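So the structure is just underneath, and the comments pick up after that.
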Amino acid sequence: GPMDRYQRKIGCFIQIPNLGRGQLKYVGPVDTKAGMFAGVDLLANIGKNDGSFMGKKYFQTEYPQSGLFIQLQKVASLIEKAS
């Protein structure tokens, strides 16, 4: 599947422009949103969530607002380069 190459990189770190270093924790759809998403933990409260959305847990965050869902297309090349 198209998400498999990104799913293999879960647990890696990427350097998201204008945000900072984030750990990739989830790749996939999000209920009620269009398209595929990367769930990242920014390891500081500069995200928007705790890894859950609409009462469902997608991933774990270190802090209450360190999690962020980003449209996968925006970070796909960064995730590919991560090792």
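Convention: chains lettered A, B, ... in structure tokens order; per-chain residue numbering from 1; ligands numbered from 1 as shown.
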Check your understanding: residue 57 of chain A: which residues within 12 Å, counting only C-alpha atoms, same-chain residues fewer than 6 positions away excluded, as number ranges by chain?
Key -> A: 25-26, 30-31, 39, 49-51, 67
If you keep N, CA, C and O atoms, can you produce a file of those selected residues as a PDB file, in the first residue's frame?
ATOM      1  N   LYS A  25       4.587   9.456  14.850  1.00  0.00           N
ATOM      2  CA  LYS A  25       3.898   8.450  15.661  1.00  0.00           C
ATOM      3  C   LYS A  25       2.706   7.726  15.005  1.00  0.00           C
ATOM      4  O   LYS A  25       2.220   6.747  15.560  1.00  0.00           O
ATOM      5  N   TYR A  26       2.200   8.268  13.913  1.00  0.00           N
ATOM      6  CA  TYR A  26       1.007   7.718  13.283  1.00  0.00           C
ATOM      7  C   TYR A  26       1.002   8.132  11.854  1.00  0.00           C
ATOM      8  O   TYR A  26       1.402   9.294  11.543  1.00  0.00           O
ATOM      9  N   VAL A  30      -7.774  10.236   9.448  1.00  0.00           N
ATOM     10  CA  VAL A  30      -8.329  10.733  10.693  1.00  0.00           C
ATOM     11  C   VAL A  30      -9.799  10.884  10.486  1.00  0.00           C
ATOM     12  O   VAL A  30     -10.209  11.565   9.540  1.00  0.00           O
ATOM     13  N   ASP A  31     -10.591  10.302  11.390  1.00  0.00           N
ATOM     14  CA  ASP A  31     -12.069  10.370  11.289  1.00  0.00           C
ATOM     15  C   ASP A  31     -12.548  11.780  11.111  1.00  0.00           C
ATOM     16  O   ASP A  31     -12.127  12.712  11.793  1.00  0.00           O
ATOM     17  N   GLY A  39       0.755  11.883  12.221  1.00  0.00           N
ATOM     18  CA  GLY A  39       0.635  12.311  13.584  1.00  0.00           C
ATOM     19  C   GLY A  39       2.043  12.361  14.145  1.00  0.00           C
ATOM     20  O   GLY A  39       2.777  11.352  14.114  1.00  0.00           O
ATOM     21  N   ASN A  49      -2.792  18.899  20.262  1.00  0.00           N
ATOM     22  CA  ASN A  49      -3.556  17.830  20.880  1.00  0.00           C
ATOM     23  C   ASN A  49      -2.668  16.879  21.626  1.00  0.00           C
ATOM     24  O   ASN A  49      -1.451  16.980  21.584  1.00  0.00           O
ATOM     25  N   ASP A  50      -3.311  15.931  22.318  1.00  0.00           N
ATOM     26  CA  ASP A  50      -2.643  14.883  23.077  1.00  0.00           C
ATOM     27  C   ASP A  50      -2.638  13.544  22.350  1.00  0.00           C
ATOM     28  O   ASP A  50      -2.533  12.481  22.970  1.00  0.00           O
ATOM     29  N   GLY A  51      -2.737  13.561  21.019  1.00  0.00           N
ATOM     30  CA  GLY A  51      -2.691  12.388  20.249  1.00  0.00           C
ATOM     31  C   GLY A  51      -4.046  11.716  20.009  1.00  0.00           C
ATOM     32  O   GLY A  51      -4.115  10.670  19.343  1.00  0.00           O
ATOM     33  N   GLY A  67       1.051  17.018  20.497  1.00  0.00           N
ATOM     34  CA  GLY A  67       0.700  16.240  19.314  1.00  0.00           C
ATOM     35  C   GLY A  67       0.123  17.107  18.223  1.00  0.00           C
ATOM     36  O   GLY A  67      -0.509  18.139  18.507  1.00  0.00           O
TER      37      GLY A  67
END
Review point. Counting only C-alpha atoms, what is within 8 Å of segment 72-79 of chain A, bar same-chain residues fewer than 3 positions away, as an MDAnalysis selection string?
Key: chainID A and resid 6 9 14:16 27 35:38 82
Same residues, N, CA, C and O atoms, saved as an mmCIF file, in the first residue's frame:
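Contents of selection_10.cif, as written:
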data_model
loop_
_atom_site.group_PDB
_atom_site.id
_atom_site.type_symbol
_atom_site.label_atom_id
_atom_site.label_comp_id
_atom_site.auth_asym_id
_atom_site.auth_seq_id
_atom_site.Cartn_x
_atom_site.Cartn_y
_atom_site.Cartn_z
ATOM 1 N N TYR A 6 5.840 5.027 4.630
ATOM 2 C CA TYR A 6 5.783 5.982 5.735
ATOM 3 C C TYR A 6 5.553 5.312 7.091
ATOM 4 O O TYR A 6 6.139 5.714 8.131
ATOM 5 N N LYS A 9 8.506 4.087 9.030
ATOM 6 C CA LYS A 9 9.352 5.077 9.662
ATOM 7 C C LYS A 9 8.791 5.605 10.969
ATOM 8 O O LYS A 9 9.360 6.564 11.523
ATOM 9 N N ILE A 14 11.716 13.851 12.328
ATOM 10 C CA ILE A 14 11.769 14.686 11.143
ATOM 11 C C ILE A 14 11.851 16.146 11.569
ATOM 12 O O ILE A 14 11.433 16.499 12.663
ATOM 13 N N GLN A 15 12.349 16.990 10.683
ATOM 14 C CA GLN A 15 12.603 18.386 11.009
ATOM 15 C C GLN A 15 11.589 19.118 10.216
ATOM 16 O O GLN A 15 11.734 19.282 9.035
ATOM 17 N N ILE A 16 10.502 19.496 10.853
ATOM 18 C CA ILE A 16 9.388 20.066 10.145
ATOM 19 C C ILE A 16 9.656 21.567 10.047
ATOM 20 O O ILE A 16 9.824 22.208 11.066
ATOM 21 N N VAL A 27 0.562 7.223 10.968
ATOM 22 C CA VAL A 27 0.321 7.603 9.611
ATOM 23 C C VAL A 27 -1.005 7.007 9.167
ATOM 24 O O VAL A 27 -1.191 5.826 9.239
ATOM 25 N N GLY A 35 -8.203 12.844 3.544
ATOM 26 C CA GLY A 35 -6.789 12.560 3.173
ATOM 27 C C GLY A 35 -6.016 11.859 4.265
ATOM 28 O O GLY A 35 -6.568 11.479 5.288
ATOM 29 N N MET A 36 -4.717 11.666 4.033
ATOM 30 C CA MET A 36 -3.876 10.954 4.930
ATOM 31 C C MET A 36 -3.118 11.968 5.762
ATOM 32 O O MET A 36 -2.889 13.061 5.341
ATOM 33 N N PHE A 37 -2.757 11.573 6.974
ATOM 34 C CA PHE A 37 -2.125 12.465 7.941
ATOM 35 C C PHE A 37 -0.927 11.804 8.586
ATOM 36 O O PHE A 37 -0.883 10.606 8.788
ATOM 37 N N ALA A 38 0.050 12.631 8.953
ATOM 38 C CA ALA A 38 1.107 12.176 9.840
ATOM 39 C C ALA A 38 0.748 12.720 11.209
ATOM 40 O O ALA A 38 0.485 13.911 11.336
ATOM 41 N N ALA A 82 14.118 10.499 6.392
ATOM 42 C CA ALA A 82 14.434 10.083 7.761
ATOM 43 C C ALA A 82 14.932 8.629 7.769
ATOM 44 O O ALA A 82 14.541 7.804 6.916
#
Check your understanding: Per DSSP on the backbone, what are the strand (DSSP E or B) residues of chain A, as a PyMOL selection string?
Key -> chain A and resi 13-16+20-29+36-41+49+52-53+56-57+67-71
Restrict the selected residues to N, CA and C atoms and save them as a PDB file, in the first residue's frame.
ATOM      1  N   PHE A  13      12.487  10.683  13.663  1.00  0.00           N
ATOM      2  CA  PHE A  13      12.392  12.109  13.827  1.00  0.00           C
ATOM      3  C   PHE A  13      12.520  12.822  12.526  1.00  0.00           C
ATOM      4  N   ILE A  14      11.716  13.851  12.328  1.00  0.00           N
ATOM      5  CA  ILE A  14      11.769  14.686  11.143  1.00  0.00           C
ATOM      6  C   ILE A  14      11.851  16.146  11.569  1.00  0.00           C
ATOM      7  N   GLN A  15      12.349  16.990  10.683  1.00  0.00           N
ATOM      8  CA  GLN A  15      12.603  18.386  11.009  1.00  0.00           C
ATOM      9  C   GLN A  15      11.589  19.118  10.216  1.00  0.00           C
ATOM     10  N   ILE A  16      10.502  19.496  10.853  1.00  0.00           N
ATOM     11  CA  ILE A  16       9.388  20.066  10.145  1.00  0.00           C
ATOM     12  C   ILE A  16       9.656  21.567  10.047  1.00  0.00           C
ATOM     13  N   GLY A  20       9.675  22.595  14.013  1.00  0.00           N
ATOM     14  CA  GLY A  20      10.756  22.043  14.792  1.00  0.00           C
ATOM     15  C   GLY A  20      10.875  20.534  14.564  1.00  0.00           C
ATOM     16  N   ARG A  21      11.694  19.904  15.378  1.00  0.00           N
ATOM     17  CA  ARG A  21      11.888  18.472  15.366  1.00  0.00           C
ATOM     18  C   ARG A  21      10.614  17.787  15.903  1.00  0.00           C
ATOM     19  N   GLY A  22      10.114  16.782  15.187  1.00  0.00           N
ATOM     20  CA  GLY A  22       8.998  15.991  15.682  1.00  0.00           C
ATOM     21  C   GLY A  22       9.197  14.495  15.474  1.00  0.00           C
ATOM     22  N   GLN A  23       8.689  13.690  16.399  1.00  0.00           N
ATOM     23  CA  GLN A  23       8.738  12.253  16.245  1.00  0.00           C
ATOM     24  C   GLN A  23       7.452  11.769  15.520  1.00  0.00           C
ATOM     25  N   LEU A  24       7.628  11.005  14.454  1.00  0.00           N
ATOM     26  CA  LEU A  24       6.497  10.456  13.711  1.00  0.00           C
ATOM     27  C   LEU A  24       5.854   9.315  14.544  1.00  0.00           C
ATOM     28  N   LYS A  25       4.587   9.456  14.850  1.00  0.00           N
ATOM     29  CA  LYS A  25       3.898   8.450  15.661  1.00  0.00           C
ATOM     30  C   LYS A  25       2.706   7.726  15.005  1.00  0.00           C
ATOM     31  N   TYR A  26       2.200   8.268  13.913  1.00  0.00           N
ATOM     32  CA  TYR A  26       1.007   7.718  13.283  1.00  0.00           C
ATOM     33  C   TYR A  26       1.002   8.132  11.854  1.00  0.00           C
ATOM     34  N   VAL A  27       0.562   7.223  10.968  1.00  0.00           N
ATOM     35  CA  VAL A  27       0.321   7.603   9.611  1.00  0.00           C
ATOM     36  C   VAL A  27      -1.005   7.007   9.167  1.00  0.00           C
ATOM     37  N   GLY A  28      -1.914   7.821   8.684  1.00  0.00           N
ATOM     38  CA  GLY A  28      -3.183   7.302   8.252  1.00  0.00           C
ATOM     39  C   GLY A  28      -4.263   8.315   8.174  1.00  0.00           C
ATOM     40  N   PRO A  29      -5.505   7.859   7.918  1.00  0.00           N
ATOM     41  CA  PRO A  29      -6.630   8.747   7.916  1.00  0.00           C
ATOM     42  C   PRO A  29      -7.016   9.169   9.364  1.00  0.00           C
ATOM     43  N   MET A  36      -4.717  11.666   4.033  1.00  0.00           N
ATOM     44  CA  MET A  36      -3.876  10.954   4.930  1.00  0.00           C
ATOM     45  C   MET A  36      -3.118  11.968   5.762  1.00  0.00           C
ATOM     46  N   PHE A  37      -2.757  11.573   6.974  1.00  0.00           N
ATOM     47  CA  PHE A  37      -2.125  12.465   7.941  1.00  0.00           C
ATOM     48  C   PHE A  37      -0.927  11.804   8.586  1.00  0.00           C
ATOM     49  N   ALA A  38       0.050  12.631   8.953  1.00  0.00           N
ATOM     50  CA  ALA A  38       1.107  12.176   9.840  1.00  0.00           C
ATOM     51  C   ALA A  38       0.748  12.720  11.209  1.00  0.00           C
ATOM     52  N   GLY A  39       0.755  11.883  12.221  1.00  0.00           N
ATOM     53  CA  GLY A  39       0.635  12.311  13.584  1.00  0.00           C
ATOM     54  C   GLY A  39       2.043  12.361  14.145  1.00  0.00           C
ATOM     55  N   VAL A  40       2.418  13.535  14.649  1.00  0.00           N
ATOM     56  CA  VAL A  40       3.736  13.734  15.207  1.00  0.00           C
ATOM     57  C   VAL A  40       3.691  14.252  16.624  1.00  0.00           C
ATOM     58  N   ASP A  41       4.708  13.941  17.400  1.00  0.00           N
ATOM     59  CA  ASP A  41       4.811  14.464  18.715  1.00  0.00           C
ATOM     60  C   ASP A  41       5.961  15.524  18.649  1.00  0.00           C
ATOM     61  N   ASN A  49      -2.792  18.899  20.262  1.00  0.00           N
ATOM     62  CA  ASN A  49      -3.556  17.830  20.880  1.00  0.00           C
ATOM     63  C   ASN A  49      -2.668  16.879  21.626  1.00  0.00           C
ATOM     64  N   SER A  52      -5.118  12.310  20.537  1.00  0.00           N
ATOM     65  CA  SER A  52      -6.440  11.838  20.328  1.00  0.00           C
ATOM     66  C   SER A  52      -7.262  12.857  19.519  1.00  0.00           C
ATOM     67  N   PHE A  53      -8.322  12.407  18.855  1.00  0.00           N
ATOM     68  CA  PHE A  53      -9.191  13.316  18.096  1.00  0.00           C
ATOM     69  C   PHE A  53     -10.557  12.673  18.187  1.00  0.00           C
ATOM     70  N   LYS A  56     -11.083   9.409  20.067  1.00  0.00           N
ATOM     71  CA  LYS A  56     -10.249   8.256  19.750  1.00  0.00           C
ATOM     72  C   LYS A  56      -8.758   8.537  19.872  1.00  0.00           C
ATOM     73  N   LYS A  57      -8.016   7.587  20.434  1.00  0.00           N
ATOM     74  CA  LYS A  57      -6.562   7.711  20.526  1.00  0.00           C
ATOM     75  C   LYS A  57      -5.915   7.273  19.230  1.00  0.00           C
ATOM     76  N   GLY A  67       1.051  17.018  20.497  1.00  0.00           N
ATOM     77  CA  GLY A  67       0.700  16.240  19.314  1.00  0.00           C
ATOM     78  C   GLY A  67       0.123  17.107  18.223  1.00  0.00           C
ATOM     79  N   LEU A  68       0.387  16.723  16.972  1.00  0.00           N
ATOM     80  CA  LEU A  68      -0.161  17.471  15.814  1.00  0.00           C
ATOM     81  C   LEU A  68      -0.411  16.534  14.615  1.00  0.00           C
ATOM     82  N   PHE A  69      -1.555  16.696  13.960  1.00  0.00           N
ATOM     83  CA  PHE A  69      -1.868  15.990  12.729  1.00  0.00           C
ATOM     84  C   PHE A  69      -1.477  16.901  11.588  1.00  0.00           C
ATOM     85  N   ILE A  70      -0.629  16.442  10.668  1.00  0.00           N
ATOM     86  CA  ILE A  70      -0.203  17.229   9.514  1.00  0.00           C
ATOM     87  C   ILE A  70      -0.570  16.459   8.260  1.00  0.00           C
ATOM     88  N   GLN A  71      -1.056  17.136   7.237  1.00  0.00           N
ATOM     89  CA  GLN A  71      -1.404  16.446   5.970  1.00  0.00           C
ATOM     90  C   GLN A  71      -0.179  15.760   5.454  1.00  0.00           C
TER      91      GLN A  71
END
Exercise for review: Record the distance separating atom CA of residue 44 of chain A and atom CA of residue 60 of chain A, expressed in Å with one decimal.
Suggested key: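 Between atom CA of residue 44 of chain A and atom CA of residue 60 of chain A the gap works out to 13.2 Å.
If you look at atom CA of residue 65 of chain A and atom CA of residue 47 of chain A, they are 5.2 Å away from each other.
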Revision key, fill the gap. Residue with the minimum atom-to-atom distance to residue 12 of chain A, picked from A:80, A:58, A:66, A:32 with only C-alpha atoms counted, is A:80
If you run DSSP over the backbone, which residues in segment 3-62 of chain A end up helix (DSSP H, G or I)? Put them as a short mmCIF file (atom, residue, chain, number, x, y, z; two decimals) with N, CA, C and O atoms, in the first residue's frame.
data_model
loop_
_atom_site.label_atom_id
_atom_site.label_comp_id
_atom_site.auth_asym_id
_atom_site.auth_seq_id
_atom_site.Cartn_x
_atom_site.Cartn_y
_atom_site.Cartn_z
N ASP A 4 2.56 2.28 3.36
CA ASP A 4 3.52 1.39 3.98
C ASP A 4 4.91 1.99 4.16
O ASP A 4 5.56 1.79 5.21
N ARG A 5 5.40 2.71 3.15
CA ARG A 5 6.80 3.25 3.24
C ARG A 5 6.92 4.29 4.41
O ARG A 5 7.92 4.36 5.10
N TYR A 6 5.84 5.03 4.63
CA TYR A 6 5.78 5.98 5.73
C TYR A 6 5.55 5.31 7.09
O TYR A 6 6.14 5.71 8.13
N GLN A 7 4.73 4.28 7.09
CA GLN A 7 4.50 3.48 8.32
C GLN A 7 5.73 2.80 8.86
O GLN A 7 5.92 2.71 10.08
#
Point to revise | Atom pair atom CA of residue 34 of chain A / atom CA of residue 2 of chain A: separation (Å) | key: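 Computing the Euclidean distance for atom CA of residue 34 of chain A and atom CA of residue 2 of chain A yields 16.0 Å.
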